[PDB]
Amino acid sequence: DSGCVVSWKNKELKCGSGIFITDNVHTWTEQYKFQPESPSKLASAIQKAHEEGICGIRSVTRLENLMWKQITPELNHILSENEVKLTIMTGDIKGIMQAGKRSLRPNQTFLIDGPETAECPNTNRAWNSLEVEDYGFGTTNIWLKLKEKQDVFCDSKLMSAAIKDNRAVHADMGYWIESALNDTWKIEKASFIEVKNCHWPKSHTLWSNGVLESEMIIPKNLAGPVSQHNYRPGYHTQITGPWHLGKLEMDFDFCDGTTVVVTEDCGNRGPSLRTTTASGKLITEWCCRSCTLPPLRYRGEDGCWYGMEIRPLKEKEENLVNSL
Amino acid sequence: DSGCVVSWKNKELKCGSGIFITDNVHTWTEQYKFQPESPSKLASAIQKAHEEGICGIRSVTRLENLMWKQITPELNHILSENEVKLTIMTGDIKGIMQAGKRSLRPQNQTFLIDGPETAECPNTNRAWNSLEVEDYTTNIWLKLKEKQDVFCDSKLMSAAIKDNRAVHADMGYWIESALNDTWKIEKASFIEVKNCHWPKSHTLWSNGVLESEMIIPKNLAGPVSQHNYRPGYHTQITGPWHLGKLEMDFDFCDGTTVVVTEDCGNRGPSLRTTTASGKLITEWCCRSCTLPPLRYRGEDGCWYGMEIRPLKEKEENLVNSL
Amino acid sequence: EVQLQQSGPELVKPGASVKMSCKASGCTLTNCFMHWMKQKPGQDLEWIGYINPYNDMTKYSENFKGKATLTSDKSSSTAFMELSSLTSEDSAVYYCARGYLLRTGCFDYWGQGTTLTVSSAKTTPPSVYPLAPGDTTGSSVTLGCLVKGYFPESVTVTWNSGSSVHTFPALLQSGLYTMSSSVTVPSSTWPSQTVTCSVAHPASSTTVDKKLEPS
Amino acid sequence: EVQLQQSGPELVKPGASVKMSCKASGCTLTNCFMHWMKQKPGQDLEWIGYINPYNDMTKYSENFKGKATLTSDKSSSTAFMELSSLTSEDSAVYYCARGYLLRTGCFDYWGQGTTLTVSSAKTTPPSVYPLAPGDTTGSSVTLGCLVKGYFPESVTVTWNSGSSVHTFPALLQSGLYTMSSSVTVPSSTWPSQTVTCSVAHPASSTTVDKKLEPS
Amino acid sequence: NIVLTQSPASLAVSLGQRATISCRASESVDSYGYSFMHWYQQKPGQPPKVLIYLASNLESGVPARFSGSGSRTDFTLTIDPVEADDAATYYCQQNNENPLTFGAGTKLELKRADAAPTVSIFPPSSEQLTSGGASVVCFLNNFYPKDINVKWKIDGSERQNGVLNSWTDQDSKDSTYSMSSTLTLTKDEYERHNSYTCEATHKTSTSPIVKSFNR
Amino acid sequence: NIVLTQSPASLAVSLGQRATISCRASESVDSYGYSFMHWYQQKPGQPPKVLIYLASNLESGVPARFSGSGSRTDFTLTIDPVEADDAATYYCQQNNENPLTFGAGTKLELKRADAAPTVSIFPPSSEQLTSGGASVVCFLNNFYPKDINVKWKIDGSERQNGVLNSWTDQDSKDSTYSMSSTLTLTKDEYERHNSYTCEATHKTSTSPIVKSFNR
Ligand SMILES: *[C@@H]1O[C@H](CO)[C@@H](O)[C@H](O)[C@H]1NC(C)=O
Ligand SMILES: *[C@@H]1O[C@H](CO)[C@@H](O)[C@H](O)[C@H]1NC(C)=O
């Protein structure tokens, strides 16, 4: 990669060659789109899956879901032409991209994504069966093919990492995690368009030694990088964060109009609560037992949420909306 | 960092904001310069050091030595006005930047900066790794350190990985690894060779690593990383690191051929393909290495990895790295 | 608690634009999402969007993305909505109301509503005629006022500022509005007492009082 | 073995540039580093650098980085050296020689050397005058040739292509060169035999033979 | 979008009875264990007011005779006992997913014991007769049911021209209706005929209620 | 840089003796257990030739009378026994670190038994006398030692003007020297005087050797 770059904060301009990690989350238009190299191979593998008792699939990344949306008419047409009464329908995205325990391999219905269901549970859904082939140019194409081995690791050709000027970034098609050295190394910002259920490969992870899963801010089961850049003093794993938001913005600052104090009188850590009740009233006074300020906050399409260790000071938790 | 970039191999152009890890080794002119924030502070620390029995210092990075070259006149004169009869003289750089076991402290006598080794002023009484970066032909401002440790300054290190191409980078290192069927190291470029430890904070894939499999040794600022790995090779402890500046890759040395046989000799110090008299040794082997052969190229020719031995030639006639 | 005050009525020519306001007293930063709704006379309400004066968070519905524009003034704590190219389908009442984010709250408090009439007709103040009965009398007499020939709607008819009152919807005749208002008071009081009907038409900024006297 | 052939002599005006060549026969890829050296008449040699015609590996010394430019042609297996802005300090003999890398080998074979003269003087071919003795004679007679008034150096004076011969260094007079050459042969042979002195001046591309006859 | 369908479109209920309205969503409005559904009451000419927030929470300061229930797609509002104040339109609304959507509405009409209309007849004003036009007005006040037909007799000839009629909203106090009948003519037309008559046929009596006057 | 200093600057040695030259480096030329030092012989007008490569290796095809020794900074070239061919300049060179550097050089001169100069006198040529100038030449051949002074007598008057002399290199065969003395005048000046004389005073005899001629 060769070119030029201007740093506003550093106040300089730099040209040369090397590696450029772009922020593919706060992009204004869809820079990348998934497409399969052979839709017919996909139809063949879906035949084989449905015959074996696989009733559907769950996408790992959001772009995979959009690809299934773009491709479903032609998949059903190639299926109809190939003499097999099986109808494919793909739905929308919930919060977390939940994982399935089955996989594809290289009247009746076939449900891709959508909401949860008992007729076709995740136990019989295929998941993480696509990997990247090559690239298009100009937007940008990403060609997908069927995976030769089934594992729980996110596709490594989509991941990226970088660190410079004591600012570190772990990035993805749907993640953007910034950490910084201010007296100590800690996570500072995180941006999500998706929330997936794969594992972040350690091959693309900075500072991946001597890491406790119980200290990872972003949980390992939610594609959290196993990294000491995934630390923040005073906080533990945010297992019950508002990850159901699907798209959200985590940082360390006060929720608008609220104030957090550190006391022993505070309640213990539990599922994340939102600063506005179901009726719209604002809960102003919050606390935490042994966390460190500024407070861990999430912001999503329905308001401001707090970290697991931040509870309401005076208000009863029953009136508040929680993420369970 | 915001801007645009074109990739020759990937055949695309991309704009946006993020992090840009540049190759500050293959630059044609000096992109960065070392300067002290307070030369008088440095003079104070050098006085304070000489009182403690410190006869000199050894630089960690090459830019530190070049800074000492540019800075020594004023250090000697600020010393002269404060009338301490101590003269600072700085020499050139050997191969490896050997470490010293003393250190400075913030706030007919002689003070030798770098040059070759000597028993009159050994490394036991030389200062080493006492500077850290404060802030920023871009300038870099330096100040006095706080704690004595064996880690390279983390404000200078960088790492990156994208499109299954990984880079660990520095003011003087550039280490490229790549995914071709498996993850392994592919290229390495050195302008300096230092003796500090690469902090794992700036290291990709730093879990489950055996140091004995790290290609670039940990004691030579080798990143503790599975990207610091090549199948069939172990740590290159006795590589031609005394060259100081060199270029490691995986290819045949010009005019030579390496074969894989179990009859080959065991791994030892690195040998170079040309004898002292200029004869080329053509046939080489290795016991359990994987081709292409690990090769170094330096100011005096092509050398081979520790596990690459001469097939027929006797090792006594060959140049070795000890 | 949270008091909402919307702008006055508007009469706008087709294809032009109108910008109406909503000031919010008693608000806080974290609530105070001014939502905007479009209601034709006696029809279903449409959701346009919301804006937060302090946050400048704005969200539009798909039907109104090209039509409406939400802006805000922090110090005034005021929301502004503008309606691009105007058509007859836009003549309606636009309501400003406090709400919250997506899965948050209900429409707690409401403004009074801004009436917008999109036409080439020109603001015409009304004529006010009193209505009194030499006939039979009982322990109750009813009086009235006829408000005729005004545009646009509406008018407000108050009787002595405070008895049983009936207000009649305006009707369209030849492109102007005609309505009436009747009140019933004991006949022992009238015409010994004085009774005045007050008609207010804001769009022409006219007020007309008429004292009730017998024929 | 490895045969080196360098270009001919050069006369160049001040400030101009010259590009000389060196062809290498008998080379291999792994050796064949053409090194270049600058030697003023009877002074220490200076190392300029080296180039490999097959590798295009080039290295310059610090003193010549702005001065010299090394180029190569693989098919011709030839090295070229160019000398940028030329000054009187550059008038000297430039030697091409086979070598190796840094701590590798010695200067095995050498070319014959290219003479460069930096001046505004114009090439002038020499005058050749014979030198013969009616006097006393012995069992040996010596004859000579005077080469006068030429620029630039040098000339080559051969006697019958193959006796004892003496060649005298040229001297500068009024901006041109004058040298002489003497040979001794038995007087029983002369003037019964014929003897010819051949003076070659390449820079003027002139060759002059002079037959020796007695006064 | 989530489409709310309300049943019935309009409802007539007697004093003290039980009123039930239903709201049917096209998609589930349930999230976080709560039903994001709300019921609002709108008096005419007034902003809507909250009664039930969420599926089954009584709004503060709302009479406990209101109640809400339901989940997922189906919800129900109950009024028991409905009283004279509750003559208004009732809407359901959801805020589970954007865009926020309303129901079409249910207009509640009160049933009471039938009542006869108080008829009053009014000649054109003195100010009106001078401006070039004349309108004779008849007020029909406080009757039930709402349906009624009026008859104008001018000099014994029925009149069917230029007559405009307007109905009021059901009064919140006595649950009755009213109506204004307006005869619009030119000034001269009024003076060509002498006797004017207003006649109402209602459910109360088979023989119409009449009120008349002469010049 | 590594500076090579050679001692002595110039050396004179007799046939069959032992010759020792020394080379002193400013920095160690030793690396990898080897000494990167080389000795070259340069005949005049010729490219240099390798004798010892590394400290102590005889170059292939070089007579075994040459030998090298030393290490680190100090090195020595030994010739035993030195013979008539070895009259040449001898250089040391290092290639341990850039830039490659040479010694200043040692010019070797042979000592032999003294010998008298063969003097020959030559009048101006017939071709020269016609072109406007006249040069009388004297050749002094095969004498030793090198030091000598010549004396021109024209008609008994000594002549000290316009005389140019050139010495040759020591001959590789007999180890003697030669010299050319040239008297340059205008054409007319030659004819004003009749008798010409060349006189050489050498270490061989106290009485000068004379050769003369007349027109
Ligand atoms: C660093 O920490 C200090 C602690 O008080 C805080 O005030 C400051 O804003 C922080 N700076 C950054 C860049 O995070
Ligand atoms: C990748 O590996 C294959 C098989 O070993 C080899 O043929 C190919 O050249 C490699 N490509 C690289 C190293 O770019």
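The numbers here are math on the coordinates, done by the rules we state, and not lab data. Cβ coordinates were reconstructed from backbone atoms using ideal geometry, including for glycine residues, and neighbour counts include every protein chain displayed.
Under 17 Å from the Cα of F:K211, which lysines turn up, not counting those fewer than eight places away in the same chain?
F:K151, F:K153
To two decimal places, what compactness ratio does region C:25-153 give when its Cα radius of gyration is scaled by 2.2 N^0.38 Å? Walk me through the intermediate numbers first.
Details: Rg = 20.7 Å, N = 129, 2.2 N^0.38 = 13.9 Å.
Dividing the Cα Rg of region C:25-153 by 2.2 N^0.38 Å gives 1.49.
I want to verify the translational diffusion coefficient of region C:52-123 in µm²/s; compute it with Stokes-Einstein, Rh as the Kirkwood radius over Cα pairs, at 25 °C and 0.890 mPa s.
On the way: Rh = 14.1 Å.
In µm²/s, the coefficient is 174.
Give me the inter-chain shielding for D:69-82: mean count of other chain Cβ atoms within 10 Å, whole number please. Could you put the intermediate results ahead of the total?
Details: counts 0, 0, 0, 0, 0, 0, 0, 0, 0, 0, 0, 0, 0, 0.
Across the residues of D:69-82, the mean count of other-chain Cβ atoms within 10 Å is 0.
What does the charge dipole of the protein assembly as shown about its Cα centre add up to, to the nearest 20 debye, if the Cβ of each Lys and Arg holds +1 and the Cβ of each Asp and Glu holds -1? Before the final figure, lay out each step's value.
Details: 142 positive and 158 negative charges, 85 e Å.
That gives a dipole near 400 debye.
Taking the protein assembly as shown on its own, what percent of its Cα-Cα pair distances exceed 65 Å? If you can, show how the numbers build up before the last one.
Details: 529915 of 1133265 pairs.
Here the long-distance tail beyond 65 Å is 47 percent of all Cα pairs in the protein assembly as shown.
Based on Cβ point charges of +1 for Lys and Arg and -1 for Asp and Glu, what charge dipole magnitude is obtained for region B:27-157 about its Cα centre, in debye rounded to the nearest 20? Intermediate values should be presented prior to the final figure.
Details: 16 positive and 18 negative charges, 49 e Å.
About 240 debye.
Take the Cα pairs of region B:27-157, get the Kirkwood Rh, then feed it into Stokes-Einstein at 10 °C and 1.306 mPa s and tell me D in µm²/s. Walk me through the intermediate numbers first.
Details: Rh = 15.0 Å.
Reported coefficient: 106 µm²/s.
Rank D:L11, D:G162, D:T115 by how far each Cα sits towards the positive end of the charge dipole of chain D (+1 on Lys, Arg Cβ; -1 on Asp, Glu Cβ) and give me just the farthest.
It is D:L11, whose Cα lies furthest towards the positive end.
Among F:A134, F:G103, F:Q6, pick out the residue whose Cα is farthest towards the positive end of the charge dipole of chain F, where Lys and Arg carry +1 and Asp and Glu carry -1 on C-beta, about the Cα centre.
Farthest towards the positive end: F:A134.
Which order do the peptides B:66-72, D:9-15, D:209-215, E:96-102 come out in when sorted by mean C-beta neighbours inside 10 angstrom, highest first? Could you put the intermediate results ahead of the total?
Details: B:66-72: 16.9, D:9-15: 15.3, D:209-215: 13.7, E:96-102: 20.6.
So the order, starting with the most tightly packed, is E:96-102, B:66-72, D:9-15, D:209-215.
Quick one: pull the percentage of alpha-carbon pairs in chain D with a separation above 27 Å. Please list the in-between numbers first.
Working: 10556 of 23005 pairs.
Roughly 46 percent, once rounded to a whole number.
Take the eigenvalues of the Cα gyration tensor for region A:60-103, scale each by 5, and report the square roots as semi-axes in whole Å, largest first. Mind dumping the intermediate values first?
Working: eigenvalues 109, 31, 13 Å².
In descending order, the three semi-axes are 23, 12, 8 Å.
Please give the average number of partner chain Cβ atoms lying within 10 Å of the Cβ of each residue in B:270-279, rounded to a whole number. Mind dumping the intermediate values first?
Values: counts 0, 0, 4, 1, 7, 4, 12, 8, 12, 5.
Mean partner shielding for this stretch: 5.
Provide Rg over Rh for chain E; use the alpha carbon set for both Rg and the Kirkwood Rh (inverse mean inverse pair distance). Please report the intermediate quantities before stating the final value.
On the way: Rg = 23.4 Å, Rh = 20.2 Å.
On the Cα set of chain E, Rg over Rh gives 1.16.
Could you tell me which of rounded, prolate or oblate describes region F:152-192, using a ≥ b ≥ c as the square roots of the eigenvalues of the alpha-carbon gyration tensor, with rounded for a/c under 1.5 and, failing that, prolate when a/b is larger than b/c and oblate otherwise?
prolate
In the calculated pair distance distribution of region B:98-240, what percentage of Cα-Cα distances lie above 25 Å? Don't skip to the end; give the middle numbers.
Working: 3716 of 10153 pairs.
When every Cα pair of region B:98-240 is considered, 37 percent fall beyond 25 Å.
Using Cα pairs under 8 angstrom and six or more residues apart, how large is the relative contact order of region E:1-122, in percent?
On the way: 290 pairs, mean separation 43.0, N = 122.
Once divided by the residue count of region E:1-122, the mean separation gives 35 percent.
When only Cα pairs under 8 Å and 6 or more residues apart are kept, what is the percent relative contact order across chain E?
19 percent
Along the charge dipole of region B:209-280, pointing to its positive end and built from +1/-1 on Cβ of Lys, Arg, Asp and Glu, which listed residue (B:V260, B:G232, B:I216) has its Cα farthest out?
B:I216
Among E:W167, F:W39, E:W152, which comes first, then next, by fewest other beta-carbon atoms within 10 Å?
With the fewest neighbours first, E:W167, F:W39, E:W152 line up as E:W167, E:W152, F:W39.
What net charge do the residues around C:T104 carry, taking every other residue with its C-beta under 14 Å from that of C:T104, with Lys and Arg at +1 and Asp and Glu at -1?
So the environment of C:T104 carries a net charge of +1.
Evaluate 2.2 N^0.38 Å with N set to the residue count of region A:243-324, then give the Cα radius of gyration divided by it.
On the way: Rg = 11.5 Å, N = 82, 2.2 N^0.38 = 11.7 Å.
Working it through for region A:243-324, the quotient is 0.98.
Taking the mean number of other Cβ atoms within 10 Å as a proxy for protection, how do you rank A:23-30, A:236-243, F:123-130 from highest to lowest?
Put in order of decreasing packing, that is A:236-243, F:123-130, A:23-30.
Nearest 20 debye, what's the magnitude of the dipole of chain E about its Cα centre given +1 on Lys and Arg Cβ and -1 on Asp and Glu Cβ?
Numbers: 19 positive and 22 negative charges, 73 e Å.
Dipole of chain E, to the nearest 20 debye: 360 debye.
Which order, highest average first, do E:45-51, A:189-195 follow once you tally other Cβ atoms within 10 Å for each residue and take the mean per peptide?
On the way: E:45-51: 17.9, A:189-195: 20.9.
Packing order, densest peptide first, comes out as A:189-195, E:45-51.
Within region A:69-99, which GluC sites (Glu not before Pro) sit in a loop by DSSP and count at most 12 neighbouring Cβ atoms inside 10 Å?
Details: sites: A:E74, A:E81, A:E83; in loops: A:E83.
Here the sparse-neighbourhood loop sites are A:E83.
Quick check: pseudo-label points 7 Å beyond the Cα along Cα→Cβ at B:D249 and A:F153, how many nm apart are they?
Here the modelled spin labels are 2.8 nm apart.
Rounded, prolate or oblate for region F:4-111? Axes are the square roots of the Cα gyration tensor eigenvalues, ordered a ≥ b ≥ c, and the cut-off for rounded is a/c under 1.5. Display every interim value, and only then the final one.
On the way: a/c = 1.76, a/b = 1.61, b/c = 1.10.
Prolate is the answer for region F:4-111, as a/c is 1.5 or above and a/b outweighs b/c.
What is the average number of partner chain Cβ atoms found within 10 Å of a Cβ in A:5-16? List each step's numbers first, then the result.
Numbers: counts 12, 5, 6, 3, 2, 4, 1, 3, 2, 6, 4, 9.
Across the residues of A:5-16, the mean count of other-chain Cβ atoms within 10 Å is 5.
Given all pairs of different Cα atoms, what value in angstroms does the Kirkwood hydrodynamic radius of region D:127-211 take? Before the final figure, lay out the partial values.
Working: mean 1/r = 0.0736 Å⁻¹.
With all distinct Cα pairs of region D:127-211 included, I get 13.6 Å.
With each run of n ≥ 4 DSSP H residues scored as -39500 (n - 2.57), what mean residue ellipticity at 222 nm is computed for chain A after dividing by its residue count and rounding to the nearest 500 deg cm²/dmol?
On the way: 2 runs with 33 residues, N = 324.
About -3500 deg cm²/dmol.
For region F:118-214, restrict the atom set to alpha-carbon positions and state the Rg and Dmax in Å.
My reading of the Cα-based Rg and Dmax gives 14.1, 43 Å.
Over the residues of region A:85-126, compute the C-alpha Rg and express it relative to 2.2 N^0.38 Å. Don't skip to the answer; put the middle values down first.
Details: Rg = 10.7 Å, N = 42, 2.2 N^0.38 = 9.1 Å.
Normalised Cα radius of gyration, region A:85-126: 1.18.
How large is the convex hull of the Cα atoms of chain B per residue, expressed in Å³ as a whole number?
Values: hull volume 52.1 nm³, N = 322.
Taking the convex hull of the Cα positions in chain B, it is 162 Å³ per residue.
For region D:89-144, rounded, prolate or oblate, judged on the Cα gyration tensor with a ≥ b ≥ c (square roots of eigenvalues), a/c < 1.5 rounded, else prolate if a/b > b/c?
Numbers: a/c = 5.91, a/b = 1.87, b/c = 3.15.
Judged from the Cα gyration tensor, region D:89-144 comes out oblate (a/c at least 1.5, b/c at or above a/b).
As a quick test, which of the pairs B:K94/B:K147; D:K67/F:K43; B:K41/D:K67; D:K67/D:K122; A:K94/C:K23; A:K48/A:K196 have an alpha carbon distance above 31 angstrom in this structure?
Values: B:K94/B:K147 26 Å; D:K67/F:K43 29 Å; B:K41/D:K67 43 Å; D:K67/D:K122 25 Å; A:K94/C:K23 37 Å; A:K48/A:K196 26 Å.
Beyond 31 Å between Cα atoms: B:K41/D:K67; A:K94/C:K23.
Taking every eigenvalue of the Cα gyration tensor of region B:168-322, multiplying by 5 and rooting it, what semi-axes result, largest first, whole Å? Intermediate results must be reported in sequence, preceding the final value.
On the way: eigenvalues 137, 58, 32 Å².
Semi-axis lengths for region B:168-322 are 26, 17, 13 Å.
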